[PDB]
file model-v1.tsv (TSV, N, CA and C atoms)
chain	number	residue	atom	x	y	z
J	1	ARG	N	0.81	-1.26	0.00
J	1	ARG	CA	0.00	0.00	0.00
J	1	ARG	C	0.85	1.33	0.00
J	2	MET	N	0.45	2.23	-0.87
J	2	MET	CA	0.97	3.50	-0.93
J	2	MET	C	0.64	4.42	0.16
J	3	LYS	N	-0.39	4.07	0.91
J	3	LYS	CA	-0.88	5.03	1.90
J	3	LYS	C	-0.17	4.82	3.06
J	4	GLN	N	0.28	3.55	3.19
J	4	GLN	CA	1.07	3.08	4.28
J	4	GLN	C	2.53	3.77	4.28
J	5	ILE	N	2.90	4.22	3.12
J	5	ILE	CA	4.27	4.56	2.79
J	5	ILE	C	4.28	5.95	3.20
J	6	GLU	N	3.31	6.66	2.65
J	6	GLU	CA	3.06	8.01	3.02
J	6	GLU	C	2.95	8.30	4.38
J	7	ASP	N	2.32	7.43	5.08
J	7	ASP	CA	2.02	7.57	6.53
J	7	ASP	C	3.32	7.47	7.24
J	8	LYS	N	4.20	6.46	6.84
J	8	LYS	CA	5.51	6.26	7.52
J	8	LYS	C	6.30	7.44	7.08
J	9	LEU	N	6.03	8.04	5.96
J	9	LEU	CA	6.77	9.24	5.68
J	9	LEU	C	6.54	10.41	6.58
J	10	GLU	N	5.29	10.50	7.05
J	10	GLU	CA	4.78	11.54	7.80
J	10	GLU	C	5.39	11.43	9.10
J	11	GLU	N	5.55	10.30	9.60
J	11	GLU	CA	6.12	10.08	10.88
J	11	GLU	C	7.61	10.26	10.78
J	12	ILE	N	8.27	9.60	9.90
J	12	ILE	CA	9.70	10.03	9.55
J	12	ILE	C	9.89	11.53	9.58
J	13	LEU	N	9.06	12.25	8.88
J	13	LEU	CA	9.20	13.79	8.97
J	13	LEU	C	9.02	14.46	10.25
J	14	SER	N	8.12	13.91	11.00
J	14	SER	CA	8.00	14.30	12.38
J	14	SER	C	9.25	14.24	13.29
J	15	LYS	N	9.90	13.15	13.15
J	15	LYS	CA	11.05	12.95	13.85
J	15	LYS	C	12.04	13.91	13.42
J	16	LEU	N	12.16	14.23	12.14
J	16	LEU	CA	13.22	15.25	11.77
J	16	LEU	C	12.94	16.68	12.40
J	17	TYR	N	11.71	17.11	12.59
J	17	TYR	CA	11.35	18.37	13.16
J	17	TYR	C	11.74	18.30	14.62
J	18	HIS	N	11.46	17.21	15.26
J	18	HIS	CA	11.85	17.14	16.63
J	18	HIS	C	13.34	17.15	16.75
J	19	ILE	N	14.06	16.40	15.91
J	19	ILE	CA	15.46	16.46	15.85
J	19	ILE	C	15.97	17.93	15.63
J	20	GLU	N	15.37	18.61	14.64
J	20	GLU	CA	15.58	20.12	14.53
J	20	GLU	C	15.32	20.85	15.85
J	21	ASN	N	14.42	20.47	16.65
J	21	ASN	CA	14.20	21.22	17.88
J	21	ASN	C	15.19	20.91	18.99
J	22	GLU	N	15.66	19.72	19.12
J	22	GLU	CA	16.83	19.48	19.97
J	22	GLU	C	18.20	19.89	19.55
J	23	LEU	N	18.48	20.06	18.28
J	23	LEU	CA	19.66	20.97	17.92
J	23	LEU	C	19.53	22.48	18.36
J	24	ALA	N	18.37	23.06	18.25
J	24	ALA	CA	18.12	24.48	18.67
J	24	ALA	C	18.51	24.87	20.12
J	25	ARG	N	18.09	23.96	20.99
J	25	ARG	CA	18.59	23.82	22.28
J	25	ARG	C	19.98	23.48	22.56
J	26	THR	N	20.48	22.25	22.17
J	26	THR	CA	21.93	22.10	22.13
J	26	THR	C	22.64	23.29	21.56
J	27	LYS	N	22.18	23.94	20.50
J	27	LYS	CA	23.02	25.10	19.99
J	27	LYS	C	23.16	26.15	21.12
J	28	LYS	N	22.09	26.29	21.92
J	28	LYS	CA	21.84	27.42	22.93
J	28	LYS	C	22.55	27.25	24.28
J	29	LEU	N	22.43	26.10	24.89
J	29	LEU	CA	23.38	25.61	25.80
J	29	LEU	C	24.82	25.76	25.41
J	30	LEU	N	25.20	25.73	24.16
J	30	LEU	CA	26.54	26.18	23.90
J	30	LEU	C	26.62	27.70	23.49
J	31	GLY	N	25.82	28.59	24.03
J	31	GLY	CA	25.75	29.92	23.45
J	31	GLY	C	26.17	30.14	21.99
X	1	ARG	N	9.39	-5.89	-3.29
X	1	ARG	CA	9.86	-4.51	-3.38
X	1	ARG	C	9.12	-3.76	-2.36
X	2	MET	N	7.89	-4.04	-2.10
X	2	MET	CA	7.32	-3.41	-0.95
X	2	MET	C	7.88	-3.94	0.34
X	3	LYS	N	8.38	-5.08	0.27
X	3	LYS	CA	8.89	-5.59	1.56
X	3	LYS	C	10.18	-4.94	1.90
X	4	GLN	N	10.93	-4.67	0.83
X	4	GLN	CA	12.01	-3.74	0.83
X	4	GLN	C	11.75	-2.32	1.39
X	5	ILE	N	10.92	-1.53	0.71
X	5	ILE	CA	10.54	-0.16	0.95
X	5	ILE	C	10.12	-0.15	2.41
X	6	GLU	N	9.05	-0.85	2.74
X	6	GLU	CA	8.82	-1.21	4.15
X	6	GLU	C	9.96	-1.57	5.13
X	7	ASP	N	11.04	-2.15	4.70
X	7	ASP	CA	12.17	-2.45	5.59
X	7	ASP	C	13.13	-1.31	5.87
X	8	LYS	N	13.13	-0.48	4.89
X	8	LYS	CA	14.08	0.51	4.83
X	8	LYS	C	13.39	1.61	5.54
X	9	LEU	N	12.06	1.73	5.45
X	9	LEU	CA	11.32	2.57	6.26
X	9	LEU	C	11.59	2.40	7.74
X	10	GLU	N	11.53	1.19	8.23
X	10	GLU	CA	11.75	1.02	9.63
X	10	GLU	C	13.17	1.16	10.00
X	11	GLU	N	14.03	0.84	9.05
X	11	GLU	CA	15.41	1.12	9.25
X	11	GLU	C	15.78	2.64	9.41
X	12	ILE	N	15.17	3.43	8.59
X	12	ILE	CA	15.14	4.87	8.67
X	12	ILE	C	14.57	5.31	9.94
X	13	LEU	N	13.55	4.64	10.43
X	13	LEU	CA	12.94	5.12	11.71
X	13	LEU	C	13.73	4.80	12.82
X	14	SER	N	14.29	3.62	12.85
X	14	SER	CA	15.19	3.23	13.85
X	14	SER	C	16.38	3.99	14.00
X	15	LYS	N	16.95	4.46	12.94
X	15	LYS	CA	18.09	5.44	13.15
X	15	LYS	C	17.73	6.79	13.52
X	16	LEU	N	16.54	7.26	13.15
X	16	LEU	CA	16.17	8.55	13.72
X	16	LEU	C	15.88	8.41	15.20
X	17	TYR	N	15.31	7.34	15.73
X	17	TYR	CA	15.28	7.17	17.17
X	17	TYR	C	16.71	7.16	17.69
X	18	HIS	N	17.66	6.44	17.12
X	18	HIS	CA	19.06	6.54	17.70
X	18	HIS	C	19.59	7.98	17.68
X	19	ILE	N	19.32	8.74	16.63
X	19	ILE	CA	19.88	10.03	16.54
X	19	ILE	C	19.21	10.85	17.48
X	20	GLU	N	17.87	10.76	17.57
X	20	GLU	CA	17.32	11.49	18.67
X	20	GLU	C	17.89	11.27	20.07
X	21	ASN	N	18.20	10.03	20.43
X	21	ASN	CA	18.82	9.71	21.67
X	21	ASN	C	20.25	10.18	21.84
X	22	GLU	N	21.02	10.01	20.79
X	22	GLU	CA	22.40	10.63	20.78
X	22	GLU	C	22.30	12.07	21.11
X	23	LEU	N	21.52	12.91	20.37
X	23	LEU	CA	21.36	14.29	20.67
X	23	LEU	C	20.86	14.61	22.05
X	24	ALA	N	20.30	13.59	22.70
X	24	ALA	CA	19.61	13.77	24.04
X	24	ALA	C	20.52	13.58	25.18
X	25	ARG	N	21.44	12.62	25.12
X	25	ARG	CA	22.64	12.63	25.99
X	25	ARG	C	23.56	13.88	25.78
X	26	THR	N	23.83	14.33	24.60
X	26	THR	CA	24.59	15.57	24.46
X	26	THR	C	23.93	16.54	25.11
X	27	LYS	N	22.63	16.65	24.93
X	27	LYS	CA	22.12	17.93	25.54
X	27	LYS	C	22.01	17.88	27.00
X	28	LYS	N	22.21	16.74	27.66
X	28	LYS	CA	22.18	16.73	29.14
X	28	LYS	C	23.52	16.80	29.82
X	29	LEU	N	24.45	15.93	29.47
X	29	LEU	CA	25.81	16.15	29.65
X	29	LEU	C	26.09	17.73	29.49
X	30	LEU	N	25.93	18.33	28.34
X	30	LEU	CA	25.84	19.83	28.28
X	30	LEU	C	25.19	20.56	29.36
X	31	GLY	N	24.05	20.18	29.86
X	31	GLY	CA	23.53	20.72	31.14
X	31	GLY	C	24.26	20.43	32.46
Y	1	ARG	N	-1.20	10.76	-5.10
Y	1	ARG	CA	-0.63	10.16	-3.89
Y	1	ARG	C	0.79	9.92	-4.16
Y	2	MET	N	1.17	9.56	-5.35
Y	2	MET	CA	2.58	9.56	-5.59
Y	2	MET	C	3.15	10.95	-5.65
Y	3	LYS	N	2.34	11.85	-5.91
Y	3	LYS	CA	2.94	13.20	-6.00
Y	3	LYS	C	3.21	13.73	-4.64
Y	4	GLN	N	2.31	13.35	-3.74
Y	4	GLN	CA	2.53	13.39	-2.33
Y	4	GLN	C	3.83	12.75	-1.76
Y	5	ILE	N	3.95	11.42	-1.86
Y	5	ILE	CA	4.99	10.55	-1.38
Y	5	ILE	C	6.26	11.19	-1.91
Y	6	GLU	N	6.43	11.21	-3.22
Y	6	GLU	CA	7.41	12.14	-3.82
Y	6	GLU	C	7.67	13.56	-3.27
Y	7	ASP	N	6.73	14.23	-2.70
Y	7	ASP	CA	6.96	15.56	-2.12
Y	7	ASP	C	7.55	15.59	-0.71
Y	8	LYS	N	7.23	14.51	-0.08
Y	8	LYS	CA	7.47	14.42	1.27
Y	8	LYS	C	8.82	13.81	1.28
Y	9	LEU	N	9.17	12.96	0.31
Y	9	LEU	CA	10.47	12.55	0.11
Y	9	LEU	C	11.48	13.68	0.01
Y	10	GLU	N	11.22	14.64	-0.83
Y	10	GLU	CA	12.18	15.70	-0.95
Y	10	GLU	C	12.16	16.62	0.19
Y	11	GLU	N	11.00	16.71	0.82
Y	11	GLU	CA	10.94	17.42	2.05
Y	11	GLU	C	11.80	16.83	3.23
Y	12	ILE	N	11.75	15.54	3.33
Y	12	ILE	CA	12.62	14.73	4.15
Y	12	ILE	C	14.01	14.92	3.78
Y	13	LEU	N	14.31	15.04	2.51
Y	13	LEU	CA	15.75	15.18	2.13
Y	13	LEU	C	16.24	16.47	2.40
Y	14	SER	N	15.46	17.48	2.14
Y	14	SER	CA	15.79	18.81	2.48
Y	14	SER	C	16.01	19.10	3.85
Y	15	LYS	N	15.28	18.51	4.74
Y	15	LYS	CA	15.67	18.68	6.18
Y	15	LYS	C	16.80	17.91	6.65
Y	16	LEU	N	17.09	16.77	6.05
Y	16	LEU	CA	18.35	16.14	6.44
Y	16	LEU	C	19.53	16.95	5.91
Y	17	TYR	N	19.51	17.57	4.75
Y	17	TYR	CA	20.56	18.52	4.42
Y	17	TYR	C	20.58	19.62	5.47
Y	18	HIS	N	19.47	20.22	5.87
Y	18	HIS	CA	19.61	21.27	6.96
Y	18	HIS	C	20.24	20.72	8.24
Y	19	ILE	N	19.90	19.49	8.63
Y	19	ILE	CA	20.38	19.00	9.85
Y	19	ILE	C	21.76	18.70	9.68
Y	20	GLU	N	22.14	18.08	8.55
Y	20	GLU	CA	23.56	18.00	8.39
Y	20	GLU	C	24.40	19.28	8.51
Y	21	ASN	N	23.92	20.39	7.96
Y	21	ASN	CA	24.55	21.65	8.09
Y	21	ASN	C	24.56	22.26	9.48
Y	22	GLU	N	23.42	22.16	10.13
Y	22	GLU	CA	23.38	22.55	11.60
Y	22	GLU	C	24.46	21.84	12.33
Y	23	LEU	N	24.55	20.48	12.31
Y	23	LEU	CA	25.58	19.77	12.97
Y	23	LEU	C	26.99	20.13	12.57
Y	24	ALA	N	27.09	20.80	11.43
Y	24	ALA	CA	28.44	21.12	10.80
Y	24	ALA	C	29.00	22.40	11.24
Y	25	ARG	N	28.17	23.44	11.40
Y	25	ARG	CA	28.54	24.61	12.24
Y	25	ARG	C	28.81	24.25	13.73
Y	26	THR	N	28.04	23.44	14.38
Y	26	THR	CA	28.42	23.04	15.74
Y	26	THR	C	29.64	22.50	15.71
Y	27	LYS	N	29.91	21.61	14.77
Y	27	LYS	CA	31.24	20.95	15.04
Y	27	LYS	C	32.38	21.78	14.72
Y	28	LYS	N	32.24	22.96	14.10
Y	28	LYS	CA	33.40	23.82	13.86
Y	28	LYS	C	33.62	24.93	14.87
Y	29	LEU	N	32.61	25.74	15.13
Y	29	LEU	CA	32.50	26.47	16.31
Y	29	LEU	C	33.17	25.60	17.49
Y	30	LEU	N	32.63	24.47	17.90
Y	30	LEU	CA	33.43	23.51	18.72
Y	30	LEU	C	34.86	23.36	18.49
Y	31	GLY	N	35.37	23.26	17.29
Y	31	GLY	CA	36.81	23.42	17.02
Y	31	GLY	C	37.50	24.78	17.24
S	1	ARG	N	6.27	5.30	-9.59
S	1	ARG	CA	7.18	4.11	-9.48
S	1	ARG	C	7.68	3.80	-8.02
S	2	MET	N	7.59	2.54	-7.67
S	2	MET	CA	8.10	2.04	-6.49
S	2	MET	C	9.56	1.97	-6.36
S	3	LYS	N	10.25	2.05	-7.49
S	3	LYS	CA	11.68	1.81	-7.45
S	3	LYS	C	12.29	3.01	-7.18
S	4	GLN	N	11.57	4.08	-7.60
S	4	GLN	CA	11.97	5.44	-7.42
S	4	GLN	C	11.96	5.84	-5.85
S	5	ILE	N	11.19	5.09	-5.11
S	5	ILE	CA	10.73	5.45	-3.78
S	5	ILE	C	11.82	4.88	-3.01
S	6	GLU	N	12.03	3.60	-3.27
S	6	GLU	CA	13.13	2.89	-2.72
S	6	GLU	C	14.41	3.47	-2.83
S	7	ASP	N	14.65	4.06	-3.95
S	7	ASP	CA	15.96	4.67	-4.31
S	7	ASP	C	16.11	5.86	-3.44
S	8	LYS	N	15.00	6.70	-3.29
S	8	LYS	CA	15.07	7.94	-2.47
S	8	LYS	C	15.17	7.42	-1.07
S	9	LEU	N	14.68	6.26	-0.77
S	9	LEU	CA	14.91	5.79	0.57
S	9	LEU	C	16.33	5.51	0.95
S	10	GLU	N	17.10	5.05	-0.05
S	10	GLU	CA	18.39	4.61	0.06
S	10	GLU	C	19.19	5.78	0.29
S	11	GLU	N	18.93	6.83	-0.33
S	11	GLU	CA	19.66	8.04	-0.19
S	11	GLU	C	19.28	8.69	1.11
S	12	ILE	N	18.04	8.92	1.36
S	12	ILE	CA	17.61	9.24	2.80
S	12	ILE	C	18.41	8.48	3.84
S	13	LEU	N	18.48	7.18	3.71
S	13	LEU	CA	19.35	6.41	4.72
S	13	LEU	C	20.78	6.68	4.80
S	14	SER	N	21.32	6.95	3.65
S	14	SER	CA	22.65	7.49	3.60
S	14	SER	C	23.01	8.75	4.42
S	15	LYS	N	22.12	9.66	4.30
S	15	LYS	CA	22.25	10.83	5.00
S	15	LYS	C	22.17	10.55	6.41
S	16	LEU	N	21.31	9.67	6.88
S	16	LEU	CA	21.28	9.43	8.37
S	16	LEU	C	22.64	8.82	8.91
S	17	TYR	N	23.37	8.00	8.17
S	17	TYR	CA	24.60	7.41	8.55
S	17	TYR	C	25.61	8.53	8.61
S	18	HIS	N	25.59	9.39	7.65
S	18	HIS	CA	26.53	10.46	7.73
S	18	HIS	C	26.23	11.35	8.89
S	19	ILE	N	24.96	11.69	9.14
S	19	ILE	CA	24.57	12.38	10.29
S	19	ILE	C	25.07	11.67	11.59
S	20	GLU	N	24.81	10.35	11.66
S	20	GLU	CA	25.50	9.52	12.75
S	20	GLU	C	27.02	9.73	12.79
S	21	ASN	N	27.69	9.94	11.73
S	21	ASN	CA	29.13	10.11	11.83
S	21	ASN	C	29.57	11.50	12.27
S	22	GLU	N	28.89	12.53	11.92
S	22	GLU	CA	29.11	13.82	12.58
S	22	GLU	C	28.64	14.08	13.96
S	23	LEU	N	27.65	13.38	14.47
S	23	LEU	CA	27.54	13.27	15.99
S	23	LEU	C	28.75	12.58	16.72
S	24	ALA	N	29.30	11.54	16.17
S	24	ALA	CA	30.48	10.82	16.76
S	24	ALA	C	31.74	11.67	17.09
S	25	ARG	N	32.04	12.49	16.09
S	25	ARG	CA	32.84	13.61	16.22
S	25	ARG	C	32.50	14.75	17.08
S	26	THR	N	31.38	15.50	16.80
S	26	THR	CA	30.87	16.37	17.86
S	26	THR	C	30.88	15.72	19.21
S	27	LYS	N	30.53	14.45	19.39
S	27	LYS	CA	30.53	13.93	20.82
S	27	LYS	C	31.97	14.06	21.39
S	28	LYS	N	32.96	13.87	20.51
S	28	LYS	CA	34.45	13.67	20.84
S	28	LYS	C	35.23	14.97	21.11
S	29	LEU	N	35.12	15.94	20.24
S	29	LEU	CA	35.31	17.29	20.57
S	29	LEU	C	34.70	17.76	21.86
S	30	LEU	N	33.59	17.24	22.31
S	30	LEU	CA	33.27	17.56	23.68
S	30	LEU	C	33.76	16.46	24.71
S	31	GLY	N	34.89	15.83	24.53
S	31	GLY	CA	35.18	14.66	25.35
S	31	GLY	C	34.03	13.90	26.02

call {"tool": "encode", "arguments": {"input": "model-v1.tsv", "output": "structure tokens"}}
result
Amino acid sequence: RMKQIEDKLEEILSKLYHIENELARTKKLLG
Amino acid sequence: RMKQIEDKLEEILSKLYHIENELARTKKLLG
Amino acid sequence: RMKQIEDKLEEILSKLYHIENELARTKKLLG
Amino acid sequence: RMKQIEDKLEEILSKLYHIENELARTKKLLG
């Protein structure tokens, strides 16, 4: 199923945004 | 081929969970 | 739906290039 | 095409390994 693929894509993308949000912080803790 | 795409999907997910965790020890050690 | 899957693919790729670059300034600033 | 999807998956995965390799370093620069 293609919808299944898309869906796992959506979740894959989610994780990258969260990963982007923990770099923002790590960047900040290091001023 | 879907069993493939499907495998690589979870493989992709599994490494984003590892990367998320790697970044999560850095950011605490940093704290 | 393929145009979707295909979009989200490049969207996924584009953020991994950003994350790679974020991590790349950290690691030099660190140096 | 499914093969196209797979292929972008392969490259997506590539980037995550490289991303794993620049955390290894950033981790090390911070002892």

call {"tool": "interface_residues", "arguments": {"input": "model-v1.tsv", "of": "chain X", "to": "chain J", "cutoff": "10 Å", "atoms": "only C-alpha atoms", "output": "ChimeraX atom specification"}}
result
/X:2,5-6,9-10,12-14,16-17,19-21,23-24,26-28,30-31

call {"tool": "calpha_fit_and_write", "arguments": {"input": "model-v1.tsv", "fixed": "chain J", "moving": "chain Y", "output": "short mmCIF file (atom, residue, chain, number, x, y, z; two decimals) with N, CA and C atoms, keeping the file's coordinate frame"}}
result
data_model
loop_
_atom_site.label_atom_id
_atom_site.label_comp_id
_atom_site.auth_asym_id
_atom_site.auth_seq_id
_atom_site.Cartn_x
_atom_site.Cartn_y
_atom_site.Cartn_z
N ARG Y 1 -1.02 0.29 0.85
CA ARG Y 1 0.45 0.35 0.85
C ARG Y 1 0.82 1.74 0.59
N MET Y 2 0.10 2.46 -0.22
CA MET Y 2 0.40 3.86 -0.25
C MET Y 2 -0.03 4.56 1.01
N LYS Y 3 -0.91 3.99 1.67
CA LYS Y 3 -1.33 4.73 2.88
C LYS Y 3 -0.32 4.58 3.95
N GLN Y 4 0.28 3.39 3.95
CA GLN Y 4 1.53 3.12 4.59
C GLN Y 4 2.73 4.08 4.32
N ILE Y 5 3.24 4.08 3.08
CA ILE Y 5 4.37 4.80 2.55
C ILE Y 5 4.10 6.23 2.97
N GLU Y 6 3.05 6.84 2.44
CA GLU Y 6 2.51 8.06 3.07
C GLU Y 6 2.47 8.27 4.60
N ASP Y 7 2.34 7.27 5.40
CA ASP Y 7 2.36 7.43 6.86
C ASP Y 7 3.74 7.51 7.52
N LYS Y 8 4.60 6.88 6.80
CA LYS Y 8 5.85 6.64 7.30
C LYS Y 8 6.59 7.83 6.82
N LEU Y 9 6.25 8.40 5.66
CA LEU Y 9 6.71 9.64 5.27
C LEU Y 9 6.51 10.74 6.30
N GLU Y 10 5.32 10.88 6.79
CA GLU Y 10 5.11 11.93 7.75
C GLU Y 10 5.68 11.63 9.06
N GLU Y 11 5.77 10.34 9.36
CA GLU Y 11 6.48 9.94 10.52
C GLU Y 11 8.02 10.29 10.53
N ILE Y 12 8.62 10.07 9.40
CA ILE Y 12 9.95 10.52 9.06
C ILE Y 12 10.05 11.96 9.15
N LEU Y 13 9.04 12.68 8.73
CA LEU Y 13 9.17 14.17 8.77
C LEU Y 13 9.03 14.68 10.07
N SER Y 14 8.12 14.15 10.84
CA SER Y 14 7.97 14.48 12.20
C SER Y 14 9.07 14.26 13.05
N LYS Y 15 9.81 13.21 12.86
CA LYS Y 15 11.09 13.11 13.65
C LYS Y 15 12.20 13.92 13.21
N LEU Y 16 12.27 14.27 11.94
CA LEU Y 16 13.30 15.25 11.60
C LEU Y 16 12.93 16.62 12.16
N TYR Y 17 11.69 17.06 12.23
CA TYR Y 17 11.39 18.26 13.00
C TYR Y 17 11.82 18.04 14.44
N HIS Y 18 11.52 16.93 15.10
CA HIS Y 18 12.05 16.81 16.52
C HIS Y 18 13.57 16.91 16.60
N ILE Y 19 14.29 16.32 15.63
CA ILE Y 19 15.69 16.31 15.73
C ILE Y 19 16.15 17.62 15.46
N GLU Y 20 15.59 18.29 14.44
CA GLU Y 20 15.99 19.67 14.37
C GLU Y 20 15.85 20.55 15.62
N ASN Y 21 14.76 20.41 16.36
CA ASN Y 21 14.57 21.09 17.59
C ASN Y 21 15.49 20.69 18.73
N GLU Y 22 15.68 19.40 18.86
CA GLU Y 22 16.74 18.90 19.84
C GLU Y 22 18.02 19.59 19.56
N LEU Y 23 18.60 19.54 18.33
CA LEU Y 23 19.81 20.20 18.02
C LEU Y 23 19.82 21.69 18.24
N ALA Y 24 18.62 22.24 18.37
CA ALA Y 24 18.43 23.75 18.46
C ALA Y 24 18.47 24.27 19.83
N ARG Y 25 17.88 23.55 20.79
CA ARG Y 25 18.23 23.73 22.23
C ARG Y 25 19.72 23.45 22.55
N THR Y 26 20.33 22.42 22.06
CA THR Y 26 21.78 22.27 22.29
C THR Y 26 22.40 23.37 21.85
N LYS Y 27 22.08 23.84 20.66
CA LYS Y 27 23.04 24.92 20.25
C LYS Y 27 22.83 26.19 20.92
N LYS Y 28 21.77 26.39 21.71
CA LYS Y 28 21.62 27.65 22.45
C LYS Y 28 22.08 27.63 23.89
N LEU Y 29 21.61 26.69 24.68
CA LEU Y 29 22.26 26.26 25.84
C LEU Y 29 23.85 26.40 25.59
N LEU Y 30 24.47 25.63 24.71
CA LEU Y 30 25.84 26.00 24.23
C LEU Y 30 26.21 27.40 24.07
N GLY Y 31 25.42 28.27 23.50
CA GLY Y 31 25.63 29.73 23.60
C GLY Y 31 25.50 30.44 24.96
#

call {"tool": "atom_distance", "arguments": {"input": "model-v1.tsv", "atom1": "atom C of residue 3 of chain S", "atom2": "atom CA of residue 3 of chain X"}}
result
12.7 Å

call {"tool": "build_atoms", "arguments": {"input": "model-v1.tsv", "residues": "segment 11-24 of chain J", "atoms": "N, CA, C and O atoms", "output": "PDB file, in the frame of the given file"}}
result
ATOM      1  N   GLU J  11       5.550  10.300   9.600  1.00  0.00           N
ATOM      2  CA  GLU J  11       6.120  10.080  10.880  1.00  0.00           C
ATOM      3  C   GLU J  11       7.610  10.260  10.780  1.00  0.00           C
ATOM      4  O   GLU J  11       8.199  10.806  11.561  1.00  0.00           O
ATOM      5  N   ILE J  12       8.270   9.600   9.900  1.00  0.00           N
ATOM      6  CA  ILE J  12       9.700  10.030   9.550  1.00  0.00           C
ATOM      7  C   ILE J  12       9.890  11.530   9.580  1.00  0.00           C
ATOM      8  O   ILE J  12      10.597  12.055  10.345  1.00  0.00           O
ATOM      9  N   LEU J  13       9.060  12.250   8.880  1.00  0.00           N
ATOM     10  CA  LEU J  13       9.200  13.790   8.970  1.00  0.00           C
ATOM     11  C   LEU J  13       9.020  14.460  10.250  1.00  0.00           C
ATOM     12  O   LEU J  13       9.690  15.499  10.619  1.00  0.00           O
ATOM     13  N   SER J  14       8.120  13.910  11.000  1.00  0.00           N
ATOM     14  CA  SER J  14       8.000  14.300  12.380  1.00  0.00           C
ATOM     15  C   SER J  14       9.250  14.240  13.290  1.00  0.00           C
ATOM     16  O   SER J  14       9.532  15.018  14.159  1.00  0.00           O
ATOM     17  N   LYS J  15       9.900  13.150  13.150  1.00  0.00           N
ATOM     18  CA  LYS J  15      11.050  12.950  13.850  1.00  0.00           C
ATOM     19  C   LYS J  15      12.040  13.910  13.420  1.00  0.00           C
ATOM     20  O   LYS J  15      12.705  14.356  14.232  1.00  0.00           O
ATOM     21  N   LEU J  16      12.160  14.230  12.140  1.00  0.00           N
ATOM     22  CA  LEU J  16      13.220  15.250  11.770  1.00  0.00           C
ATOM     23  C   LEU J  16      12.940  16.680  12.400  1.00  0.00           C
ATOM     24  O   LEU J  16      13.831  17.277  12.811  1.00  0.00           O
ATOM     25  N   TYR J  17      11.710  17.110  12.590  1.00  0.00           N
ATOM     26  CA  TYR J  17      11.350  18.370  13.160  1.00  0.00           C
ATOM     27  C   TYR J  17      11.740  18.300  14.620  1.00  0.00           C
ATOM     28  O   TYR J  17      12.372  19.104  15.215  1.00  0.00           O
ATOM     29  N   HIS J  18      11.460  17.210  15.260  1.00  0.00           N
ATOM     30  CA  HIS J  18      11.850  17.140  16.630  1.00  0.00           C
ATOM     31  C   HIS J  18      13.340  17.150  16.750  1.00  0.00           C
ATOM     32  O   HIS J  18      13.889  17.734  17.757  1.00  0.00           O
ATOM     33  N   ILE J  19      14.060  16.400  15.910  1.00  0.00           N
ATOM     34  CA  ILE J  19      15.460  16.460  15.850  1.00  0.00           C
ATOM     35  C   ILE J  19      15.970  17.930  15.630  1.00  0.00           C
ATOM     36  O   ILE J  19      16.843  18.445  16.309  1.00  0.00           O
ATOM     37  N   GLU J  20      15.370  18.610  14.640  1.00  0.00           N
ATOM     38  CA  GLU J  20      15.580  20.120  14.530  1.00  0.00           C
ATOM     39  C   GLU J  20      15.320  20.850  15.850  1.00  0.00           C
ATOM     40  O   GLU J  20      15.994  21.802  16.224  1.00  0.00           O
ATOM     41  N   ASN J  21      14.420  20.470  16.650  1.00  0.00           N
ATOM     42  CA  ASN J  21      14.200  21.220  17.880  1.00  0.00           C
ATOM     43  C   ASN J  21      15.190  20.910  18.990  1.00  0.00           C
ATOM     44  O   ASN J  21      15.416  21.678  19.783  1.00  0.00           O
ATOM     45  N   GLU J  22      15.660  19.720  19.120  1.00  0.00           N
ATOM     46  CA  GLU J  22      16.830  19.480  19.970  1.00  0.00           C
ATOM     47  C   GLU J  22      18.200  19.890  19.550  1.00  0.00           C
ATOM     48  O   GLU J  22      19.040  20.084  20.382  1.00  0.00           O
ATOM     49  N   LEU J  23      18.480  20.060  18.280  1.00  0.00           N
ATOM     50  CA  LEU J  23      19.660  20.970  17.920  1.00  0.00           C
ATOM     51  C   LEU J  23      19.530  22.480  18.360  1.00  0.00           C
ATOM     52  O   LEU J  23      20.527  23.128  18.692  1.00  0.00           O
ATOM     53  N   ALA J  24      18.370  23.060  18.250  1.00  0.00           N
ATOM     54  CA  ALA J  24      18.120  24.480  18.670  1.00  0.00           C
ATOM     55  C   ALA J  24      18.510  24.870  20.120  1.00  0.00           C
ATOM     56  O   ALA J  24      19.253  25.810  20.383  1.00  0.00           O
TER      57      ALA J  24
END
